Each structure stands twice: as structure tokens, then as C-alpha cells.
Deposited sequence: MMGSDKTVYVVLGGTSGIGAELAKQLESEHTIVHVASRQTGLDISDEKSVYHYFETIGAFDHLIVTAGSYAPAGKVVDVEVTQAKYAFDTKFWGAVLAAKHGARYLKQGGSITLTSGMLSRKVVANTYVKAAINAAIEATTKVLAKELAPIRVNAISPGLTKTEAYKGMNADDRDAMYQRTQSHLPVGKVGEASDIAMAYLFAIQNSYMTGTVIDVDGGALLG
């Protein structure tokens, strides 16, 4: 049939841009988010979503933009956990319930961020989330093989989107994190 893509968080930002570049006559591109009635942080909602989608080829997760900023000593832990619930656990749930529907040659592309490795004050929540995502990405790449699992690590929306396509298209890549940060890590 057609190659089916699922872009969670793909209603806006990078997600939307990627969805646009994926739209063709030979593909089906599902996008979902809080806007479309998917709470990626809620397991039953995530399970529901993938039940309505069925078998597809490539899963992309970009959801999770908010996080409380400030020093560890100041930042409210409840807000921090709420940040974790969406960007980290959201990805975990997505992989957990999406995986069984991936067709042969399928892939999962998660999203971390440079803050996983660039040490910046005020950003422990984002750094912790991203570091966890990158560790989980590699365990998944191992457990789910031959299903490929990679992460894009952002620092133009089209240049970021290009990295996802590359993850989706390269059949020899798995368990890797691709930095697209315009040299912020330097």
C-alpha cells in the first residue's frame, strides 16, 4: 500500500514542517497532539491513538516543548515532573504501544536536544529529559531490532526536518543520536 507515517507533536513546529515534507501521493501522514485530542503523557490515550491508526511504517515523536527553567534549588519539582511526563514518558509510551504496529523496515525517531550534553545553568530539567531520551533510544534500538531507533538532537525548521528524513531513509543507522544544532555544542 502506501508508506504510513505517524508524527506525534506534528501539528506545529518541527513536527508540522516534517509532515509537510512527508506528504506525497505515495504516503499517508498522520499528525497528532493536544490539539487533536492526543495526550501523549496519558497511557490510555496513547494506546487509543495507535489502535485507531493500525499498521504503519515510521514513528516520529517531537512533542514536549515546555519545562520549568531555573536552578535545581529553585525550580518546583511538580512542574519538573510534569515536564518529564510529556517529553520523556510521552516518548516511552509512544514507543511502548506504537512498536507492535511497525511494518518490516520500520523505524522510530525520537527527539532529544543539545542540552543533554551542553551544560547550561537553569536547564537541568531539559538536560535530564534529553539525556534520558538518548539512553532509552539506544536500549530501544537494541531491544526492537531490526526496527531502527534513532534520536534527533536540535540546537531553520527545514534543516531539522531534513535530519528526521535521513533517520527514516538510512537503513544502516540505528541507536544513534544526530546533532543538528548549528554548532551550539562547540
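Missing from the model, relative to the deposited sequence, are the stretches 1-4, 160-191, 223.
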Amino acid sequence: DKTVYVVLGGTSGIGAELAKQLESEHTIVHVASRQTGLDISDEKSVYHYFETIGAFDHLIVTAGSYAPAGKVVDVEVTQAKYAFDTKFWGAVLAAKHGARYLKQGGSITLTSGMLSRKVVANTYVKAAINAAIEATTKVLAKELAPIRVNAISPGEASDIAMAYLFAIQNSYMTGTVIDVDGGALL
From here on, numbers count along this sequence of modelled residues.
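When the C-alpha B-factors of 28-36 and 144-152 are averaged, 28-36 comes out higher.
Across the two stretches, 37-45 and 126-134, the PDB entry reports the greater mean Cα temperature factor for 37-45.
Considering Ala157, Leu59, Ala69, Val139 together, the PDB entry gives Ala157 the largest C-alpha B factor. In this PDB entry, the Cα temperature factor of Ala83 sits in the middle third of its chain's modelled residues. Annotation for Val7: CA B-factor lies in the lowest third of the chain's modelled residues. Compared with the other modelled residues of the chain, the Cα B-factor recorded for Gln169 ranks in the highest third. Placement of the Cα temperature factor of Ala99 within the chain: middle third of the modelled residues, per the deposited record. Among all modelled residues in its chain, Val75 ranks in the middle third by Cα B-factor.
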